[PDB]
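**Q** From first to last, the protein sequence lines stand for chains A and B. Per the authors' numbering: the first sequence = residues 6 to 156, 172 to 308. Per the authors' numbering: the second sequence = residues 6 to 157, 171 to 308. All C-beta atoms in this analysis are idealised placements derived from N, C-alpha and C, irrespective of residue type, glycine included. If you scroll down you'll find the structure; I have some questions about it.
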Amino acid sequence: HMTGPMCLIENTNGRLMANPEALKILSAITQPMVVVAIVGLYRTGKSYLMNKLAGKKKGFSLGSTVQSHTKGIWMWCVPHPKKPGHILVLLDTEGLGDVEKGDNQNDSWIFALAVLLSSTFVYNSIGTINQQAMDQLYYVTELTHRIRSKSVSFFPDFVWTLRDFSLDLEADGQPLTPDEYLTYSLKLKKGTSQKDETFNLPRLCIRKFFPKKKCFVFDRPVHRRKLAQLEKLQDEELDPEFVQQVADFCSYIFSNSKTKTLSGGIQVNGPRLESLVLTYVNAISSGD
Amino acid sequence: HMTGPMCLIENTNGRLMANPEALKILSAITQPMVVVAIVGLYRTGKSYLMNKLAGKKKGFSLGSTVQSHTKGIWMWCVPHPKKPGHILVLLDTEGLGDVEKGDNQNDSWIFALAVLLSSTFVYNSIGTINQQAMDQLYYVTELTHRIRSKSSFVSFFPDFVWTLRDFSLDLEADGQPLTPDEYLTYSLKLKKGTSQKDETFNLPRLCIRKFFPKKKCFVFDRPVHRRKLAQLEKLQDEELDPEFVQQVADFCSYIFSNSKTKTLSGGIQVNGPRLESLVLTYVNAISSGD
Ligand SMILES: Nc1nc2c(ncn2[C@@H]2O[C@H](COP(=O)(O)OP(=O)(O)O)[C@@H](O)[C@H]2O)c(=O)[nH]1
Ligand SMILES: Nc1nc2c(ncn2[C@@H]2O[C@H](COP(=O)(O)OP(=O)(O)O)[C@@H](O)[C@H]2O)c(=O)[nH]1
Ligand SMILES: [Mg+2]
Ligand SMILES: [Mg+2]
């Protein structure tokens, strides 16, 4: 179908704008869509990983340096490898926490669209699950509600991805599967005090918002850094357990991600996505 | 004399408290003190790097899992290797962002003490410099000021080192090479001037650039190529990536060579007891309710 990705939402001087040439494309796509989005801190291997879902080396473009690379949000519409008659829609996001940009508001808008447009949301981090991440995920989650405001589940399913993973998956003595880890980290605290409650308040809203959760670890894809010629490498050349792990991740998405859905049940196709995108983007550029 | 570290500030159920048996010790030490602290997200190889300043293996203890390890603040006193008649004091901190704890105001207190007790403050992070980091650094910085109050061009604010761990990426920008320092000042570079959201930027980059006089940055390549990472207290330098050895050596050399003597305001040099009594002052100052 589509040979490479194109920018869906442009990001210039803190204005987010739909790119009309993508809407023109969405608007022609009649099949239902599974939508996968990914976000995380910047320089964190997101675009590389998205590309593995499209089963191509080279697509969403990479960038090698300390400078951020992906700006705005890029979509890529491809045939669904495992659900005949569906399109897979990949969303690649500008990474959070650019110091070049120094703009948390803007971060939050992008984060929010991702969650809003997606039927599987993919939060990417390096090494550990981390409270500053928890936090932000909560904040954006609440934000999402407030955006739906202007204008049997349809909230997206969730995946945490852990990169360059090093540490023993172990805790309080006993082994952990990546999923036991992720629920360890949303594990509510006994009962009440009021700081027993401070806690919980994020963990609750997160356990509620995302029906399905899943988690995957990933070893460094290469032992030195020949880490920068990565658009170019086969799979011999990579650490085999990274290839194992990727494969596992792709199979989960292909086999579990659901068809994107509006409220009241209707399945989202091209034009229904086009219309969301406008709706949500128009909502952001007006008055809270 | 001091053979291994010792908890200086206990952290139990969200109340921090000085450890008497460690003041008893400080109270006996009468040489001047260079103080180096380190903080950063948890599980980030802080305690390891810290041992390197003491030139030992084994010392501050490590932990190899996803759970956090170092709790409170550990101190460790030792000769200074370059500055005769001084003591080097090392301060290893509880890492930030523990999901088990889920408690930022506790984080912040601990951040804040490190900054307060130190003459060289070392901020440790994985991979990149990163706005949520700079943000937090700013927040604490302006928290520092507030704690100092609750206690009444030639200055006594700590010097600053950013440490970047498991560093992968090209040090390159806008087309032109970068040294680790050029990176750090790249990140604190002020925006051209005028307008509003121009000055919402800037506002943290200002306070940092004022607060910390000297600034330095160091990169650090993953110690080992597999993950025999997890025994590490017990590997000799042959067995490590020899560019990480290089880099540790270079960072040690800077600390030893450049970290100043810790100083009260009005100029007095800090020794054992004057630390004992800073620790107490700052710790009591946190146990009221601002
Ligand atoms: N250390 C590390 N680097 C990676 C990984 N995956 C990709 N990279 C490299 O990190 C750089 C930026 O990749 P990218 O996907 O653009 O990061 P993004 O900004 O999150 O999109 C590229 O040189 C990638 O080859 C990884 O899993 N670990
Ligand atoms: N990936 C990685 N691991 C490290 C590095 N340095 C130490 N480690 C390992 O990370 C684990 C935790 O070390 P530690 O210093 O206690 O982390 P801390 O929580 O920040 O104190 C140990 O297994 C260390 O051997 C590093 O530079 N990179
Ligand atoms: Mg990218
Ligand atoms: Mg530690």
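Taking a cut of 9 Å between CB atoms, which residues from the stretch 128-147 of chain B lie near chain A?
**A** Listed by position along the chain: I131, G132, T133, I134, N135, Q136, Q137, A138, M139, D140, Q141.
**Q** Rounded C-beta distance between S66 (chain A) and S52 (chain A)? I'm assuming under 8 Å.
**A** 7 Å between Cβ atoms; contact.
**Q** Spatial neighbours of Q36 (chain B) within its chain, please: C-beta separation below 8 Å, excluding the five flanking residues on both sides.
**A** Contacts found: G90, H91, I92, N289, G290.
**Q** Along the chain, where does the beta strand (DSSP E) that runs through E15 (chain B) open and close?
**A** From DSSP, the beta strand (DSSP E) with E15 (chain B) extends over 11-17.
**Q** Report the rounded CA-to-CA distance for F185 (chain A) versus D97 (chain B), giving the unit in angstroms.
**A** Approximately 23 Å between the Cα atoms of the pair.
**Q** Please list the residues of the stretch 85-107 of chain A that have a C-beta atom closer than 9 Å to any C-beta atom in chain B, keeping them in chain order.
**A** Those would be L101, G102, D103, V104, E105, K106, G107, in chain order.
**Q** Along chain A, in chain order, which residues have C-beta atoms closer than 9 Å to that of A191 (chain B)?
**A** Simply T70, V71, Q72, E105.
**Q** I need the residues with a C-beta less than 5 Å from some heavy atom of ligand 4; please give them in chain order.
**A** With the cut-off at 5 Å, the residues found are B:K51, B:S52, B:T75.
**Q** Step through the CB atoms of chain B and report whether any lies within less than 7 Å of the CB of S213 (chain A).
**A** So no, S213 (chain A) is outside the interface.
**Q** Taking the DSSP output, what are the residues bridged to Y128 (chain B)?
**A** DSSP, once it has assigned bridges, lists B:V44, B:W180 as partnering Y128 (chain B).
**Q** Look up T70 (chain B) in the DSSP assignment and say whether it is helix, strand or coil.
**A** Looking at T70 (chain B) - three-state DSSP - the assignment turns out to be strand.
**Q** Starting from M38 (chain B), follow its DSSP beta bridges and name the residues at the other end.
**A** Answer by DSSP bridge pairing, in chain order: B:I92.
**Q** I want to verify the contact list: residues of chain B whose CB lies under 7 Å from the CB of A248 (chain A), in sequence order.
**A** Going along chain B in sequence order, the residues near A248 (chain A) (Cβ under 7 Å) are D188.
**Q** Can you list, in chain order, the residues of its chain whose CB lies under 7 Å from that of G45 (chain B), leaving out five sequence neighbours each side?
**A** The answer, listed in chain order, is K51, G100, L101, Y128, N129, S130.
**Q** Compute the Euclidean distance between the alpha carbons of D308 (chain B) and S306 (chain A), then round it to the nearest angstrom.
**A** Taking the straight line from one Cα to the other gives about 38 Å.
**Q** Under 6 Å: does the beta carbon of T49 (chain A) sit that close to some heavy atom of ligand 2?
**A** No, the beta carbon of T49 (chain A) sits no closer than 6 Å to any heavy atom of ligand 2.
**Q** Is the CB of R227 (chain B) under 7 Å away from at least one CB in chain A?
**A** Taking Cβ atoms only, chain A never reaches closer than 7 Å to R227 (chain B), which makes this a no.
**Q** Tell me whether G68 (chain B), by its Cβ, gets closer than 6 Å to a heavy atom of ligand 2.
**A** Yes - ligand 2 has a heavy atom lying nearer than 6 Å to the Cβ of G68 (chain B).
**Q** Taking the C-alpha atoms as reference points, what is the distance between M139 (chain A) and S271 (chain A)?
**A** The alpha-carbon atoms of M139 (chain A) and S271 (chain A) are separated by roughly 26 Å.
**Q** In this structure, does DSSP put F238 (chain B) in helix, strand or coil?
**A** It is a strand residue.
**Q** Determine the direct distance from the alpha carbon of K215 (chain A) to that of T17 (chain B), and round the result to whole angstroms.
**A** Cα to Cα, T17 (chain B) sits roughly 14 Å from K215 (chain A).
**Q** Cutting at 8 Å between CB atoms, please list the residues of its own chain near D108 (chain B), excluding the five before and the five after it.
**A** Around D108 (chain B): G19.
**Q** Express the C-alpha separation of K280 (chain B) and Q249 (chain B) in angstroms, rounding to a whole number.
**A** When rounded, the distance between both Cα atoms is 35 Å.
**Q** Check for me: the beta strand (DSSP E) holding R244 (chain B) runs from which residue to which?
**A** Run containing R244 (chain B): none; DSSP gives neither H nor E here.
**Q** May I ask you to verify whether the stretch 181-197 of chain A touches the stretch 149-156 of chain A, counting CB pairs closer than 8 Å and requiring at least 3?
**A** Contact fails: fewer than three Cβ-Cβ distances are below 8 Å.
**Q** Cα separation between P10 (chain B) and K246 (chain B)?
**A** Rounded to whole angstroms, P10 (chain B) to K246 (chain B) spans 25 Å at the Cα level.
**Q** Apply the 10 Å Cβ neighbour rule to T203 (chain B) and answer buried if 16 or more other Cβ atoms are within range, or exposed otherwise.
**A** So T203 (chain B) ends up on the exposed side.
**Q** Hey, does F219 (chain B) have any beta-carbon neighbour from chain A nearer than 7 Å?
**A** Yes, because at least one Cβ of chain A sits closer than 7 Å to the Cβ of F219 (chain B).
**Q** Could one say the Cβ of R48 (chain A) lies closer than 7 Å to chain B's Cβ atoms, at least one of them?
**A** At least one chain B Cβ lies under 7 Å of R48 (chain A).
**Q** Are the Cβ atoms of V237 (chain B) and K57 (chain B) separated by less than 7 Å?
**A** Not closer than 7 Å, so no.
**Q** Using a threshold of 7 Å, state whether the C-beta atoms of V41 (chain B) and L95 (chain B) are closer than that.
**A** Contact flag set, yes.
**Q** With a threshold of 6 Å (Cβ to nearest heavy atom), would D184 (chain B) be considered close to ligand 2?
**A** Yes; taking the cut-off as 6 Å, the Cβ of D184 (chain B) has a heavy atom of ligand 2 nearer than that.
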